[PDB]
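Colleague: Okay, handing you the structure first.
Bear in mind these aren't lab numbers, they're just calculated from the coordinates by the rules spelled out. No Cβ is skipped: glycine too gets one built from the backbone with ideal geometry, and neighbour counts run over all protein chains shown.
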Amino acid sequence: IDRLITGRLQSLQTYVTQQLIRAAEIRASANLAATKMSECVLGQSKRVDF
Amino acid sequence: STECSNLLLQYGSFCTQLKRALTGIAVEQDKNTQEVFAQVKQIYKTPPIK
């Protein structure tokens, strides 16, 4: 039972770490989307290819 | 080693996960190189007179 507990804890910690990295990437994309909504929908943009 | 490989098969899909993450890292670097330099549609040429 100790061996199985150690294996399942390692697997679940790996899942949590990968979820944290994906959440950071998704938050960066959401910040970019919020900036695009604030600058291009609510006004006219002078930035090239933004 | 056959015995170590058969003992490694008793573990989970860890080495499928670590192989899948590094492939996603390696594919991402080509996207990084493509996003920066390949912004121009046609390969322009300069005139001979400079």
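Colleague: Quick check on chain A: what are the equivalent-ellipsoid semi-axes from the Cα gyration tensor, as sqrt(5λ), descending, whole Å?
Modeller: 44, 8, 4
Colleague: Let me ask another. Between Rg and the Kirkwood Rh of chain B, both from Cα atoms, what is the Rg to Rh ratio?
Modeller: Rg/Rh for chain B comes to 1.48.
Colleague: Applying the Karplus parametrisation 6.51 cos²θ - 1.76 cosθ + 1.60 with θ = phi - 60° to the phi angles of the range B:34-46, what ³J(HN,Hα) value in whole Hz is obtained for each residue in order, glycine and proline being reported as x?
Modeller: 6, 5, 7, 8, 8, 9, 10, 6, 10, 6, 6, 10, 7
Colleague: Of the chymotrypsin sites (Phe, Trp or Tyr not before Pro) in chain B, which ones lie in a loop per DSSP and count no more than 16 other C-beta atoms within 10 Å?
Modeller: Taking chain B and a limit of 16 other Cβ atoms within 10 Å, the loop chymotrypsin sites (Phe, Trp or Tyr not before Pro) found are B:11, B:44.
Colleague: What is the helix-to-structure angle for A:2-36, meaning the angle in degrees between its Cα long axis and the longest Cα principal axis of chain A, kept from 0 to 90 and rounded to the nearest 10?
Modeller: Result, in degrees: 0.
Colleague: If you don't mind, another one. Please list the three semi-axes, largest first and in whole Å, of the ellipsoid equivalent to the protein assembly as shown, using sqrt of 5 times the eigenvalues of its alpha carbon gyration tensor.
Modeller: Result for the protein assembly as shown: semi-axes of 46, 25, 6 Å.
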